[PDB]
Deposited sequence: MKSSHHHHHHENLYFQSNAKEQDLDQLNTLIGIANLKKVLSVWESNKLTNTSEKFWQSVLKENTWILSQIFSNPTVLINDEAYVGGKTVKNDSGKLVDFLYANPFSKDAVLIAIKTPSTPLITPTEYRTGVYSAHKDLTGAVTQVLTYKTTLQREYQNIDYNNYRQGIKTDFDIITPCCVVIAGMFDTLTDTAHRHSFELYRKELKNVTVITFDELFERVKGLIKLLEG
């Protein structure tokens, strides 16, 4: 119950600034599928990797629409160390490259959907995800690393101009988990 929710936070806090392996955070969200389900207002269910043979695929159980989620490490920089202009900071190449990569996978997944769908038919797997819209999510970095107001302003501009990619930092992801505790109390 709620003790399970607190356990997730304890795991999150313990490796908040130490773990730098994408595989570990892959497991944590895979073990607790409800964590990523809180991002989307519409209901979502996890899709097994075999169905579409460090990303996750969540699909709406009603419309079968699928959303692709890419998970990086919390230590991923959000902005460049130096500043392009006084008070203007460029988004780090790690963040910009991550956004591009998830779009490429979404393009590839839709372009090869017929091959994947037919393979599931042969193997008996029931395909429950339909690529209707190019919605992607990139979970990376921590918002707390942005100290200066210029840093927060520069990063906020980057994450507001994106059309179909929602960049969510790790701390914001677990704030929904932590926020659930407060609402229950």
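Engineer: Just jot down which stretches of the deposited chain sequence have no CA coordinates, in the order they come.
Structural biologist: Seq positions lacking coordinates: 1-31, 85-96, 229.
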